[PDB]
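Any read-out appearing in this document is the output of simple, stated calculations on the displayed coordinates, not a laboratory observation. Here Cβ is always computed from backbone atoms with ideal geometry, including for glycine, and neighbour counts include all displayed protein chains.
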Amino acid sequence: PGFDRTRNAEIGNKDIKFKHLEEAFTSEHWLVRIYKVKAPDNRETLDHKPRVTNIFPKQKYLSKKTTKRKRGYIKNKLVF
Amino acid sequence: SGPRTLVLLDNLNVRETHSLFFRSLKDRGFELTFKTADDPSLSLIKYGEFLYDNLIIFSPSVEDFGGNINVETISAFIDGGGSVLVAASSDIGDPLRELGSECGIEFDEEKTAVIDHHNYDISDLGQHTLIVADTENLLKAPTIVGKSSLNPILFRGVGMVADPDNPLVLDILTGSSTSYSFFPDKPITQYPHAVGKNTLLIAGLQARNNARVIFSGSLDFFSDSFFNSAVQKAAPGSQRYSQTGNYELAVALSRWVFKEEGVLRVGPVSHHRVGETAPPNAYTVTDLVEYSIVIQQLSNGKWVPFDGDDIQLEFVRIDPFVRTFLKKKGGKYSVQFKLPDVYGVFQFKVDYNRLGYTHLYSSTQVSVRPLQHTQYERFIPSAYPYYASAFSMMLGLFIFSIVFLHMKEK
């Protein structure tokens with residue numbers, strides 16, 4: 001699947017993703033590739049998942065959403 | 001930002017018990033639409049339009065918003081130019097925590113509260129969960145929290161923390177000196193999250209696109225009972241105050257987030273040589289240059305000229321060669337100076353960044369070319385010999401000719 005016709009050797013890193021670049025143009029035989037340098041990060045994010053302790057069970061909720069049933073869930077909602 | 005606003009309610013009766021805030025908000029001139037957080041007809045973009053210019057979340061304890069309100073959708077909404085306000089009580093729910101983690105502010109656990117044992121109001125449930133925050137530990141920027149003096153405020157919410165070396169985040173209201181955030185029922189085993197004066201109560205963000213976001217961390221801060229209560233710490237001898245001073249702070253916060261109090265705008269810039277009126281192409285080296293910019297501030301509903309004591313101009317190539325203070329004349333900040341000896345492509349960066357104001361940034365590119373071959377100094381006095389010499393020999397040659405061809409032998 002991945003093969004370099006010059007360096008007759010299969011590439012080791014099949015999947016690569018960019019963080020500050022994006023592909024702008026790529027010629028027909030992939031001879032010349034032009035990338036676009038994006039704008040700086042809109043806002044900073046946390047490097048880690050927010051704090052989760054083991055004192056109370058997490059009990060993560062399940063998606064429960066189709067392309068037909070688009071209705072969310074609220075814990076503190078008065079039932080009818 | 002436009003006046004249309006969306007309110008995400010929790011039980012649809014919350015509007016009744018938050019009536020005062022919304023009546024004020026409408027009186028300022030916003031169009032409020034109240035929906036329930038789980039509503040199938042709920043959406044922000046429709047064919048890339050952003051049909052709601054402001055967003056307000058007063059629905060803590062949500063796990064999935066109704067419709068296509070993801071957390072990536074609200075993130076794209078903040079990246080588009082909108083301004084959100086989110087309030088969260090002691091039942092957080094996952095997507096509010098995740099929105100906080102997207103902006104850079106980390107909420108605490110879902111069952112935690114800002115517990116303080118020295119600053120609890122008399123009107124408490126015996127858990128000391130209600131926390132009376134003083135007006136001392138505030139941000140001290142009059143664009144955000146208003147000009148007047150405020151009475152001690154009331155708070156009942158989850159304590160968040162923000163990165164100390166974070167350039168974008170703000171801290172509108174930190175906790176007290178002894179307040180800690182941990183489960184009120186369970187004993188303290190781990191190190192509690194945000195244990196001291198780094199407990200944040202109200203925390204704001206001013207993004208790179210100038211999108212104002214406020215995390216309030218307590219819904220009851222905006223309530224109708226806390227606008228009209230009476231506050232006094234339960235420590236003996238403490239004074240009793242008639243009004244909680246919560247209303248003025250809430251109004252100032254609401255005005256800041258929805259682009260009404262502190263806004264700056266950059267008008268037309270103009271550079272030209274001293275004595276001319278049109279910008280030349282390719283200034284020469286060491287040429288008098290005049291730079292003029294107009295900055296406007298949104299006062300009430302109209303744009304007025306800006307006061308602006310400290311505003312700096314940078315003339316950069318890769319790193320600044322000249323930095324000067326712009327000076328006000330007429331209605332524009334204008335400065336005249338000289339171009340340095342180095343030739344190249346130089347650009348003017350006027351970047352005004354302040355605590356509370358918007359981020360102003362205007363950079364214009366200009367090329368400083370060296371002297372032409374005609375603009376070199378000529379007929380200098382120091383070289384009057386050499387000139388002489390050359391011409392002397394010319395004269396000599398001519399004389400020589402008249403004496404070399406018509407010479408008479410003897």
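Anything in region B:185-215 that is more than 12 Å from chain A (Cβ to nearest Cβ) and under 15 Å from B:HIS128 (Cβ atoms)? List them, or say none.
Passing the criteria: only B:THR199.
Residue under question is B:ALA141, and the condition is that it be within 20 Å of B:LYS233 (Cα to Cα) and small (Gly, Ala, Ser); does it hold?
Considered against the rule, which asks whether it is within 20 Å of B:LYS233 (Cα to Cα) and small (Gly, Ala, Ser), B:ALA141 comes out as no.
If you take the residues of region B:98-120 that are in contact with a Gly (Cβ under 8 Å, 6 or more places away or on another chain) and in a loop (DSSP other than H, G, I, E, B), which of them is farthest from the other protein chains (Cβ to nearest Cβ)?
Our first condition is that a residue be in contact with a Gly (Cβ under 8 Å, 6 or more places away or on another chain); within region B:98-120, this holds for B:106-108, B:110, B:112-114, B:116.
Now drop any that are not in a loop (DSSP other than H, G, I, E, B), which leaves B:107-108, B:110, B:112, B:116.
Details: B:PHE107: 6, B:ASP108: 7, B:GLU110: 8, B:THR112: 9, B:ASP116: 20 Å.
If we take residues in region B:98-120 being in contact with a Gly (Cβ under 8 Å, 6 or more places away or on another chain) and in a loop (DSSP other than H, G, I, E, B), then B:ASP116 is farthest from the other protein chains (Cβ to nearest Cβ).
Any residue at all in region A:10-28 that is within 14 Å of another protein chain (Cβ to nearest Cβ), touching an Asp or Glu at 6+ places or on another chain (Cβ under 7 Å) and assigned to a loop (DSSP other than H, G, I, E, B)?
no
Condition check ((1) closer than 27 Å to B:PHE182 by Cβ; (2) in contact (Cβ under 8 Å) with a residue 24 or more places away in the chain; (3) touching a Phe, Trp or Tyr at 6+ places or on another chain (Cβ under 8 Å); (4) surrounded by 10 or more Cβ atoms within 10 Å (Cβ to Cβ)) across all residues:
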residue	(1), (2), (3), (4)
A:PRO1	no, no, no, no
A:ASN8	no, no, no, no
A:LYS19	no, no, no, no
A:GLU28	no, no, no, no
A:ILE34	no, no, yes, no
A:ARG51	yes, no, no, yes
A:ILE74	yes, no, no, yes
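Kindly evaluate B:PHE226 against the criterion of being in contact with a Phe, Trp or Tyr (Cβ under 7 Å, 6 or more places away or on another chain) and away from chain A (no Cβ under 13 Å). Please lay out each step first, then the result.
Values: in contact with a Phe, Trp or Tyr (Cβ under 7 Å, 6 or more places away or on another chain): no; away from chain A (no Cβ under 13 Å): yes.
For B:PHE226, the condition - in contact with a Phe, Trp or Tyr (Cβ under 7 Å, 6 or more places away or on another chain) and away from chain A (no Cβ under 13 Å) - is not met.
Each row is one residue, and each column tells you yes or no for (1) in contact with an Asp or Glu (Cβ under 9 Å, 6 or more places away or on another chain); (2) of a type in the set (A, V, I, L, M, F, W, C).
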residue	(1), (2)
B:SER238	no, no
B:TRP256	no, yes
B:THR277	no, no
B:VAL289	no, yes
B:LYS302	no, no
B:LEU313	no, yes
B:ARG317	no, no
B:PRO320	yes, no
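Counting just the residues of region B:298-325 that are surrounded by 14 or more Cβ atoms within 10 Å (Cβ to Cβ) and in a loop (DSSP other than H, G, I, E, B), which one comes out farthest from the chain's Cα centre (by Cα)?
Checked region B:298-325; the qualifying residue farthest from the chain's Cα centre (by Cα) is B:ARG317.
How many residues does region B:71-97 hold that are surrounded by fewer than 22 Cβ atoms within 10 Å (Cβ to Cβ), facing chain A (nearest Cβ under 8 Å) and part of a helix (DSSP H, G or I)?
2
What tally of residues in region B:154-171 results from selecting those that are in contact (Cβ under 8 Å) with a residue 60 or more places away in the chain and either of a type in the set (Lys, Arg) or touching a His at 6+ places or on another chain (Cβ under 8 Å) (or both)? Don't jump to the end; show me each part of the working.
Keep residues of region B:154-171 that are in contact (Cβ under 8 Å) with a residue 60 or more places away in the chain, which gives B:154-158, B:160, B:166, B:168-170.
Cutting the leftovers down to either of a type in the set (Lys, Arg) or touching a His at 6+ places or on another chain (Cβ under 8 Å) (or both) gives us B:156.
The total comes to 1.
For region A:30-77, how many residues meet the condition of being at the interface with chain B (Cβ under 9 Å from one of its Cβ atoms), among the β-branched types (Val, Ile, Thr), under 30 Å from B:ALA211 (Cα atoms) and out of contact with any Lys or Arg (no Cβ under 9 Å at 6 or more places or on another chain)?
Count: 2.
Considering (1) of a type in the set (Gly, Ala, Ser); (2) surrounded by fewer than 20 Cβ atoms within 10 Å (Cβ to Cβ); (3) not in a loop (DSSP other than H, G, I, E, B), say which one B:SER123 fails and leave the rest.
Single failed check for B:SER123: (3).
When region B:260-297 is examined, which residues are found to be surrounded by fewer than 17 Cβ atoms within 10 Å (Cβ to Cβ), under 15 Å from the mean Cα position of the chain (by Cα) and of a type in the set (A, V, I, L, M, F, W, C)?
Hit for region B:260-297 is B:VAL266, nothing else.
Just checking: which of the strands (runs of 3 or more DSSP E) contained wholly in region B:158-259 hold 2 or more residues that are under 28 Å from the mean Cα position of the chain (by Cα) and at negative phi?
Qualifying strands (runs of 3 or more DSSP E): B:200-206, B:212-215.
For region B:235-250, what are the residues that are surrounded by fewer than 16 Cβ atoms within 10 Å (Cβ to Cβ) and among the hydrophobic types (A, V, I, L, M, F, W, C)?
Here is the first cut: in region B:235-250, the ones surrounded by fewer than 16 Cβ atoms within 10 Å (Cβ to Cβ) are B:235-243.
Within region B:235-250, just B:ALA235 meets the criteria.
May I ask you to list the residues in region B:347-401 that are in a helix (DSSP H, G or I) and among the hydroxyl-bearing types (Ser, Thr, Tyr)?
So in region B:347-401, the residues in a helix (DSSP H, G or I) come out as B:381-401.
Listed by number, the residues that qualify are B:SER382, B:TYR384, B:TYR386, B:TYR387, B:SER389, B:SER392, B:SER401.
Within region B:332-344, count every residue that is surrounded by 14 or more Cβ atoms within 10 Å (Cβ to Cβ) and outside any strand (DSSP E or B).
The number of residues fulfilling the criteria is 3.
Just wondering, is there one or more residues in region B:11-33 that are without any contact (Cβ under 8 Å) to a residue 40 or more places away in the chain, part of a strand (DSSP E or B) and farther than 23 Å from B:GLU248 by Cα?
Narrowing region B:11-33 to residues without any contact (Cβ under 8 Å) to a residue 40 or more places away in the chain: B:11-13, B:15-16, B:22-23, B:26-27, B:29, B:31-33.
Restricting the remaining residues to those that are part of a strand (DSSP E or B) gives B:31-33.
Okay, now just the ones that are also farther than 23 Å from B:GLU248 by Cα, so B:33.
Checking region B:11-33: at least one residue is without any contact (Cβ under 8 Å) to a residue 40 or more places away in the chain, part of a strand (DSSP E or B) and farther than 23 Å from B:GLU248 by Cα.
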